[PDB]
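Input: a single structure, listed below in C-alpha cells.
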Amino acid sequence: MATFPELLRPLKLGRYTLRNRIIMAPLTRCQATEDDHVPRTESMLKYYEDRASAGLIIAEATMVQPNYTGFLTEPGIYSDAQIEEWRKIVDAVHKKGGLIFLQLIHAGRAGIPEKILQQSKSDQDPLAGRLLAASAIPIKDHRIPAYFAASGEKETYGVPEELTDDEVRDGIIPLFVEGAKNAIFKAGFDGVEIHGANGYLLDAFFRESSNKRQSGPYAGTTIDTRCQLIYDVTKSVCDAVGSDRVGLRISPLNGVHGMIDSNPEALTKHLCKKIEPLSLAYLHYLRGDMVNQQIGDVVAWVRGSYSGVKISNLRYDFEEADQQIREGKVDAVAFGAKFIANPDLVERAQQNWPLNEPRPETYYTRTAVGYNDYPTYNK
Ligand SMILES: Cc1cc2nc3c(=O)[nH]c(=O)nc-3n(C[C@H](O)[C@H](O)[C@H](O)COP(=O)(O)O)c2cc1C
C-alpha cells in the first residue's frame, strides 16, 4: 500500500469511518424489474457484495416516485417489495464489512414519456401519469438513449408540466423523505445520497437553462431560489434520518441534456455556503463535463466554500485522487467506470496492480454480460 497511501487513508464520514477513500460512484445498471422496479436480487446482490471492499458504495439512482422512470428498469425504494430485496442486498454488503448509501432520484423532464404517460391519472394519485419538471422546457437536440427507451430505440423526450410550488412542497419533497426513511429504517442502508445532478429534477431547478420559473421560492430568476429545492429536499431528509446519514450530489458543469448555467462558480459557491449549516455526511460533485464542453475548477470552488467532506468525481485515476487528497483539495474520490470493470478495485490500488479495461458498450445489457463478468485480478 505504498503507491497510493493518501487514497488508502481512513475517513470520517457522517457517523461512519471509511476503511479507505476509494468510493464507488452511483451507477445505473438497469437490473430491476421493468413493471414493479424491484431489484433483481440474484444479480444485484452479487454485483454489490463483490465490490464491498470500497470505502463506501453509493448505490445507483433509485426512484422515489412510483413509476416515475427515467431508465426504464431502474430500482425504486417506495414499495415493500423493493424494500425487501434492497434489504438483502444491503445485508450482503454489510456481511463483507462495507458501507452503502442509496442515491435517491426523480428524473424530472428526463422521464420516459411512453411509460409515464401510460400510467393512470387519478385524483387520489395526483402526480401519477404526468411528466413533471421546474419549467415546461423539453430536452432539446438530445433523444432518449436506446438503453433507456421503452421501445429499445432512441425516443423523444416530452414537454413536462411545470410543477406548482404546492406540488413541490407537499408532493415531491415528501417522496424523497419517505424514500430516505424506507432506505435507512427499513432496508438498512447506512445513508442516502440526494441526486441533485446530471439534469434530473433537482439539478433542473438548480441551473438556469432548465429553470425559468417566474415566481415562488423556487424561481429560476436568482441563484438563491434556484438552490432552494436542493436545500429543502436535503434539509427535510436530514430532519427524518439525521444529517450524518445524508449526502448530496451535484454537477455544476455537466452538460448532459443540454444543462447549463451562465455562472457555475457563483452558483456552486452559493450552494456550498447554503448547505454548510446542515453538517451533511458529505458533498459529492462531478468536477467537470461528461460531454467535454464546459470547463471550471469545481474542486477549488468547493474547497474554498465548503468545510465538510468533499467527494470529487470524473476521470480520476489512483495517482490523481491520491495527490488531490494529499494536497487537501478533496477528502475522497468516487470512481464510476473503474468500479464497473474492477470488483476488486481497492485491492488493485493496494498492490498497484493493473486494471481491467471497461467495455463501455455493455453497461446496460440487463443480463450477466458486462455486469457480473468482470474478473478479479488473475482470476
Ligand atoms: C453506466 C453508467 C451509469 C451511471 N449511473 C449514474 C447514476 O445512477 N447516478 C449518478 O449520479 N451518476 C451516474 N453515473 C455517472 C457516474 O456516477 C460518474 O459520475 C461518471 O461515470 C464519471 O466518473 P468516472 O470517470 O469515474 O467513470 C453513471 C455512469 C455510467 C457510465
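Ordering of the C-alpha cells sets the chain letters (A, B, ...); residue numbers start at 1 within each chain; ligands are numbered from 1 in the order shown.
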#### Entry: Near-ligand residues for ligand 1, threshold 6 Å, only C-alpha atoms and all ligand atoms, as a PyMOL selection string
chain A and resi 25-29+60-61+286+313-316+335-337+363
### Within 12 Å of region 149-159 of chain A using only C-alpha atoms, minus same-chain residues under 6 positions, as a PyMOL selection string
chain A and resi 30+34-35+69-73+107-118+130-143+210+257+364-365
Go ahead and dump the residues you just picked, N, CA, C and O atoms, as a compact mmCIF listing (two decimals), in the first residue's frame.
# COMPACT_ATOMS: atom_id res chain seq x y z
N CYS A 30 -29.62 -0.73 -14.58
CA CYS A 30 -30.91 -1.23 -15.05
C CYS A 30 -31.23 -2.69 -14.76
O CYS A 30 -31.88 -3.36 -15.57
N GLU A 34 -38.90 -4.26 -14.87
CA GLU A 34 -39.50 -3.12 -15.56
C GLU A 34 -40.82 -2.61 -15.00
O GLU A 34 -40.98 -1.40 -14.78
N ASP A 35 -41.77 -3.50 -14.75
CA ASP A 35 -43.07 -3.08 -14.25
C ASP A 35 -43.11 -2.59 -12.80
O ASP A 35 -43.66 -1.52 -12.52
N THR A 69 -40.21 6.62 -14.00
CA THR A 69 -38.98 6.05 -14.53
C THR A 69 -38.25 6.88 -15.59
O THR A 69 -38.88 7.48 -16.47
N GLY A 70 -36.93 6.89 -15.49
CA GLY A 70 -36.11 7.60 -16.45
C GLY A 70 -35.15 6.64 -17.13
O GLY A 70 -34.60 6.95 -18.19
N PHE A 71 -34.97 5.47 -16.54
CA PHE A 71 -34.05 4.48 -17.09
C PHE A 71 -34.74 3.16 -17.43
O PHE A 71 -34.08 2.13 -17.62
N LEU A 72 -36.07 3.22 -17.49
CA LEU A 72 -36.92 2.09 -17.84
C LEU A 72 -36.98 0.96 -16.81
O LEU A 72 -38.07 0.57 -16.39
N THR A 73 -35.82 0.45 -16.41
CA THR A 73 -35.77 -0.65 -15.46
C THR A 73 -34.85 -0.43 -14.27
O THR A 73 -34.12 -1.34 -13.87
N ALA A 107 -36.37 11.70 -12.00
CA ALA A 107 -35.89 12.06 -13.33
C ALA A 107 -36.35 13.39 -13.91
O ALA A 107 -35.73 13.91 -14.84
N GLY A 108 -37.42 13.95 -13.36
CA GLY A 108 -37.90 15.22 -13.87
C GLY A 108 -38.23 15.15 -15.35
O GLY A 108 -38.88 14.20 -15.79
N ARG A 109 -37.77 16.13 -16.12
CA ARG A 109 -38.05 16.16 -17.56
C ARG A 109 -37.36 15.05 -18.36
O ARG A 109 -37.56 14.94 -19.57
N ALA A 110 -36.54 14.25 -17.69
CA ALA A 110 -35.84 13.15 -18.34
C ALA A 110 -36.65 11.86 -18.20
O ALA A 110 -36.17 10.77 -18.52
N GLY A 111 -37.88 11.98 -17.70
CA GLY A 111 -38.72 10.81 -17.55
C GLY A 111 -39.09 10.26 -18.91
O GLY A 111 -39.14 11.00 -19.89
N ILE A 112 -39.34 8.95 -18.98
CA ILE A 112 -39.69 8.29 -20.23
C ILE A 112 -41.18 8.48 -20.52
O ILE A 112 -42.03 7.90 -19.85
N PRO A 113 -41.52 9.30 -21.53
CA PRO A 113 -42.92 9.57 -21.89
C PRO A 113 -43.78 8.33 -22.14
O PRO A 113 -44.85 8.19 -21.55
N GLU A 114 -43.31 7.44 -23.01
CA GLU A 114 -44.06 6.24 -23.36
C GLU A 114 -44.43 5.34 -22.18
O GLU A 114 -45.32 4.50 -22.30
N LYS A 115 -43.76 5.51 -21.05
CA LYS A 115 -44.05 4.71 -19.87
C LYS A 115 -44.90 5.51 -18.89
O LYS A 115 -45.99 5.09 -18.51
N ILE A 116 -44.40 6.67 -18.49
CA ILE A 116 -45.09 7.52 -17.54
C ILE A 116 -46.47 7.98 -18.00
O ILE A 116 -47.44 7.88 -17.24
N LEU A 117 -46.58 8.46 -19.23
CA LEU A 117 -47.86 8.94 -19.73
C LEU A 117 -48.86 7.81 -19.99
O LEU A 117 -50.00 8.07 -20.39
N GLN A 118 -48.43 6.57 -19.77
CA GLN A 118 -49.30 5.41 -19.97
C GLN A 118 -49.97 5.02 -18.66
O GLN A 118 -50.97 4.30 -18.65
N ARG A 130 -47.94 11.68 -15.26
CA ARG A 130 -47.58 13.02 -15.70
C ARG A 130 -46.07 13.25 -15.73
O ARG A 130 -45.35 12.75 -14.87
N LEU A 131 -45.61 14.02 -16.71
CA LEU A 131 -44.20 14.37 -16.79
C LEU A 131 -44.13 15.65 -15.95
O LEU A 131 -44.94 16.56 -16.13
N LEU A 132 -43.16 15.71 -15.03
CA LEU A 132 -43.03 16.85 -14.13
C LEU A 132 -41.64 17.46 -14.11
O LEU A 132 -40.64 16.75 -14.13
N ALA A 133 -41.57 18.79 -14.05
CA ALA A 133 -40.30 19.49 -14.02
C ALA A 133 -40.44 20.90 -13.46
O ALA A 133 -41.52 21.30 -13.01
N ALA A 134 -39.35 21.65 -13.49
CA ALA A 134 -39.36 23.03 -13.00
C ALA A 134 -40.08 23.92 -14.00
O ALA A 134 -40.90 24.76 -13.62
N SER A 135 -39.76 23.74 -15.28
CA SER A 135 -40.37 24.51 -16.36
C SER A 135 -40.72 23.59 -17.51
O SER A 135 -40.09 22.55 -17.69
N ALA A 136 -41.73 23.97 -18.29
CA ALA A 136 -42.17 23.17 -19.43
C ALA A 136 -41.23 23.37 -20.61
O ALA A 136 -41.62 23.87 -21.67
N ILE A 137 -39.98 22.97 -20.42
CA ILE A 137 -38.95 23.09 -21.44
C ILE A 137 -38.40 21.70 -21.69
O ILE A 137 -37.72 21.13 -20.84
N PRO A 138 -38.70 21.13 -22.86
CA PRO A 138 -38.21 19.79 -23.17
C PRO A 138 -36.72 19.74 -23.47
O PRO A 138 -36.12 20.74 -23.90
N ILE A 139 -36.11 18.59 -23.21
CA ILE A 139 -34.70 18.40 -23.50
C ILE A 139 -34.63 18.52 -25.02
O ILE A 139 -35.39 17.85 -25.73
N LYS A 140 -33.75 19.37 -25.52
CA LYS A 140 -33.64 19.58 -26.96
C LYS A 140 -32.40 18.97 -27.61
O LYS A 140 -31.35 18.85 -26.99
N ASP A 141 -32.56 18.61 -28.88
CA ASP A 141 -31.49 18.02 -29.68
C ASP A 141 -30.74 16.91 -28.94
O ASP A 141 -29.52 16.77 -29.06
N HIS A 142 -31.50 16.14 -28.17
CA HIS A 142 -30.98 15.02 -27.40
C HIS A 142 -32.14 14.06 -27.24
O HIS A 142 -33.17 14.41 -26.67
N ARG A 143 -31.99 12.84 -27.76
CA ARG A 143 -33.06 11.86 -27.65
C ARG A 143 -32.76 10.82 -26.58
O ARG A 143 -31.61 10.67 -26.16
N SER A 210 -32.71 25.12 -17.45
CA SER A 210 -33.93 24.34 -17.26
C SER A 210 -34.95 24.94 -16.30
O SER A 210 -36.09 24.48 -16.25
N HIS A 257 -28.12 16.50 -21.38
CA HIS A 257 -29.46 17.06 -21.55
C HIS A 257 -29.43 18.56 -21.80
O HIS A 257 -30.41 19.26 -21.56
N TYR A 364 -25.35 -1.48 -19.95
CA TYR A 364 -26.78 -1.65 -19.70
C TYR A 364 -27.42 -2.88 -20.37
O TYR A 364 -28.54 -2.79 -20.85
N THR A 365 -26.73 -4.01 -20.38
CA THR A 365 -27.29 -5.20 -21.03
C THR A 365 -28.50 -5.79 -20.31
O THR A 365 -29.36 -6.40 -20.94
### Task
Show which residues sit within 7 Å of region 328-332 of chain A, as a PyMOL selection string. Count only C-alpha atoms, and ignore same-chain residues fewer than 5 positions away.
chain A and resi 21-22+299+303+309-312
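The strand (DSSP E) portion of region 10-152 of chain A consists of residues 11, 12, 13, 16, 17, 18, 22, 23, 24, 56, 57, 58, 59, 60, 61, 62, 63, 100, 101, 102, 103, 104, 105, 132 and 133 of chain A, with states taken from DSSP on the backbone.
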Take the residues from that selection and write them out as a tab-separated table (two decimals), in the first residue's frame, keeping N, CA and C atoms.
chain	number	residue	atom	x	y	z
A	11	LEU	N	-11.40	7.50	6.59
A	11	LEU	CA	-12.08	8.79	6.53
A	11	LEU	C	-13.36	8.84	7.35
A	12	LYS	N	-13.47	9.87	8.19
A	12	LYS	CA	-14.67	10.04	8.99
A	12	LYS	C	-15.70	10.65	8.04
A	13	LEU	N	-16.84	9.98	7.90
A	13	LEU	CA	-17.90	10.44	7.01
A	13	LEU	C	-19.23	10.25	7.72
A	16	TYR	N	-19.93	7.53	10.31
A	16	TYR	CA	-19.11	6.37	9.95
A	16	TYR	C	-17.65	6.69	9.73
A	17	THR	N	-16.85	5.64	9.59
A	17	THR	CA	-15.43	5.78	9.31
A	17	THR	C	-15.12	4.81	8.18
A	18	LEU	N	-14.75	5.35	7.02
A	18	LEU	CA	-14.42	4.53	5.86
A	18	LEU	C	-13.05	3.87	6.00
A	22	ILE	N	-11.55	5.29	-1.47
A	22	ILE	CA	-11.88	4.85	-2.82
A	22	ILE	C	-13.38	4.55	-2.78
A	23	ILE	N	-14.16	5.50	-3.27
A	23	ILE	CA	-15.62	5.40	-3.26
A	23	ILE	C	-16.20	4.91	-4.58
A	24	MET	N	-17.24	4.08	-4.50
A	24	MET	CA	-17.90	3.59	-5.70
A	24	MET	C	-19.04	4.56	-6.03
A	56	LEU	N	-16.76	3.22	0.53
A	56	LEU	CA	-18.19	3.48	0.60
A	56	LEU	C	-18.78	3.18	-0.77
A	57	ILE	N	-19.92	2.50	-0.77
A	57	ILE	CA	-20.61	2.21	-2.01
A	57	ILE	C	-21.81	3.13	-2.07
A	58	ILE	N	-21.96	3.86	-3.17
A	58	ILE	CA	-23.13	4.71	-3.34
A	58	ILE	C	-23.95	3.95	-4.37
A	59	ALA	N	-25.05	3.36	-3.93
A	59	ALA	CA	-25.91	2.58	-4.81
A	59	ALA	C	-26.57	3.45	-5.87
A	60	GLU	N	-26.76	2.87	-7.05
A	60	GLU	CA	-27.36	3.52	-8.21
A	60	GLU	C	-28.63	4.31	-7.94
A	61	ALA	N	-28.87	5.30	-8.79
A	61	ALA	CA	-30.05	6.15	-8.69
A	61	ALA	C	-31.29	5.29	-8.53
A	62	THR	N	-32.06	5.54	-7.48
A	62	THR	CA	-33.26	4.76	-7.22
A	62	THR	C	-34.47	5.67	-7.06
A	63	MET	N	-35.54	5.32	-7.77
A	63	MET	CA	-36.80	6.07	-7.78
A	63	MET	C	-37.50	6.32	-6.45
A	100	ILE	N	-22.82	1.37	2.66
A	100	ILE	CA	-23.56	1.69	1.45
A	100	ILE	C	-24.68	2.71	1.65
A	101	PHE	N	-24.69	3.73	0.79
A	101	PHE	CA	-25.70	4.79	0.80
A	101	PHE	C	-26.53	4.59	-0.47
A	102	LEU	N	-27.82	4.92	-0.40
A	102	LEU	CA	-28.69	4.78	-1.57
A	102	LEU	C	-28.92	6.14	-2.20
A	103	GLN	N	-28.68	6.26	-3.51
A	103	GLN	CA	-28.90	7.53	-4.18
A	103	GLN	C	-30.38	7.61	-4.53
A	104	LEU	N	-31.01	8.73	-4.18
A	104	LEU	CA	-32.44	8.95	-4.42
A	104	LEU	C	-32.65	9.89	-5.60
A	105	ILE	N	-33.45	9.46	-6.57
A	105	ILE	CA	-33.66	10.26	-7.77
A	105	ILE	C	-35.11	10.46	-8.22
A	132	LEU	N	-43.16	15.71	-15.03
A	132	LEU	CA	-43.03	16.85	-14.13
A	132	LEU	C	-41.64	17.46	-14.11
A	133	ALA	N	-41.57	18.79	-14.05
A	133	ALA	CA	-40.30	19.49	-14.02
A	133	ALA	C	-40.44	20.90	-13.46
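Distances to residue 239 (chain A) were evaluated for A:270, A:174, A:300, A:218 using only C-alpha atoms, and the minimum falls at A:174.
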### Message
When you look at residue 87 (chain A) with a cut-off of 8 Å (counting only C-alpha atoms), what residues show up, excluding the ones that are within fewer than 5 positions of it in the same chain? I need them as a list in words.
### Response
residues 186, 187, 188 and 189 of chain A
